[PDB]
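Below are two forms of the same protein chain, given as structure tokens: structure 1, then structure 2.
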Structure 1
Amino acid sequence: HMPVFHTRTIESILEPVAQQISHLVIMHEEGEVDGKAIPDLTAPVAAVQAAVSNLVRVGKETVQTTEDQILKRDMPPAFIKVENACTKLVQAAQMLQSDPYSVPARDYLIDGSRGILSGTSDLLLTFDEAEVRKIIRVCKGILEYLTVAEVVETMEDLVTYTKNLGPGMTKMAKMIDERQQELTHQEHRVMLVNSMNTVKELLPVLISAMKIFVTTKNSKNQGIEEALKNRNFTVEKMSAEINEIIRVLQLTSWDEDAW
């Protein structure tokens, strides 16, 4: 009970039935709901059976398309779970069909419904993790390029650097913004927003520092030490914030084989 919904999307999908089931689990250990005859679900159940097959199909396709190795190994197991719990639901239906007061058939409905719900969540979680894993890479990439900042000594380089980092800094910003907007734990969202913003505010600051540097370089006018410090400090603080973001992201999207 009370799942770990990470994004609003998933929750808006699982929350409904997750409740219809939780409100029912309470109707067993302390109530044992049993009496009302259940009309043949040969139809309604069919509705789920069909959607389950469709789901499984898409997942099998998602595996072929995907490149993430964890997904190719985590999803397949989920397919079965949703398919297995579904055969149970379908059976529990024909059971009630012949006998609407069958108690055992009532059990098949619950166990099968929770199985389908759990099998689904696992599928969505896996997928989400892969998505997040895509962001971490992008983040790890920006981190790396910030390292090259200390190699730029000419305006020609500075121009190059800016044209490469800028686009990157945008993709990450886009991914981060589109991420926090889905997060459900207001706690993690604050860290992401503040971090990303701080990083966006430092970029222009980084460039300027580098510019001032390359300017002092080819110029009789001494005073270049303090320039390297500001540039270096920016990278350091920027890097800190990015490492912060990565971490917050890995809190739930991490697996033993994260390669």
Structure 2
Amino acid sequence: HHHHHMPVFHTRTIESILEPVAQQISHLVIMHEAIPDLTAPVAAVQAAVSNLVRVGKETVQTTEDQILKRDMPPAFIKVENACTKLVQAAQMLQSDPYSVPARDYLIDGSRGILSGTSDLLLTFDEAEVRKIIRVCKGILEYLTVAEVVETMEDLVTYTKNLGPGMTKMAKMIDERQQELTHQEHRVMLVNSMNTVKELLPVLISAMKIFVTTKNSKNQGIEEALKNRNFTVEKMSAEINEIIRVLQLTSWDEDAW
């Protein structure tokens, strides 16, 4: 009588790993059927989980990523706990193959393993996104340097630096949106990136005008400054929106 929900995974990669399990769990939940001796297959799951936990502990204990270090354990904890339910189920089924409580454990344990493994994969996914965010923040920081460019020589250096930086950022975003399952988020990323790319030449043009105006005589630089600053502000707004969107999740990603 309880309703359930199989996840719409966060990325295509996670989907390809976990979809089979989710589909098989759904099939068993919906099925109309005694259960055979599951001691051995459950033991194989137990062994796999133990290996995974061992590797997870090594990672937690060696990673310099303080955030990964903190978010990982709860996921492995959920997986281990769910595994204990499968073990209990197999033990119960040895004496009573028709046990209803045993079947309940099998289902809860299977779902808990799916949910814990998904949580685990999402923690590693978040670490990957943090790498993209770091690049975005480097661009925001470099945009603050525009105001210090006051010679044509420095403008050449600046453009030759910001240009490739934007290209790298754009590539990371393009690759990321291609991995996302949620269409709404992909659209936002692509739209913001396009806006940012379009503003780049506008910024360089504004900086060239500022440099030219400054290095002249009796010209007022107030307008050139304003126009440069306006463009930097718009670009920074767009990049912050990319950073915000890269971190969005969805309710439909939960399994229950």
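Superpose the two forms; the largest set of C-alphas matching within 1.5 Å is the rigid core. Structure 1's sequence is the ruler for residue numbers, which start at 1.
>> Quick check for you: superpose on the rigid core, then look between the two structures for a C-alpha move of 2 Å or more. Which of 205, 214, 192, 70 is it?
In response: Single hit from the list, 70.
> residue 123: CA shift of at least 2 Å between the two structures after core fit?
Replying inline: Residue 123 C-alpha, core-superposed: shift of 2 Å or more.
> Honestly, after the rigid core fit, is residue 232 moving at least 2 Å at Cα between the two structures?
Replying inline: Where the cores coincide, residue 232 shows only a C-alpha shift between the two structures that is less than 2 Å.
> Comparing between the two structures on the rigid core, is the C-alpha shift at residue 101 2 Å or larger?
Replying inline: Indeed, residue 101 is displaced by 2 Å or more.
> What is the C-alpha shift for residue 155 between the two structures, rigid core superposed, to one decimal in Å?
Replying inline: Between its two positions, the C-alpha of residue 155 lies 0.4 Å apart after core fitting.
>> What does the CA of residue 16 shift by between the two structures after fitting on the core? Give it in Å to one decimal.
In response: That residue's C-alpha sits 2.8 Å away in the other form.
>> Please report, in Å, how much the Cα atom of residue 91 moves between the two structures when the rigid core is superposed.
In response: Its C-alpha shift, to one decimal, is 11.9 Å.
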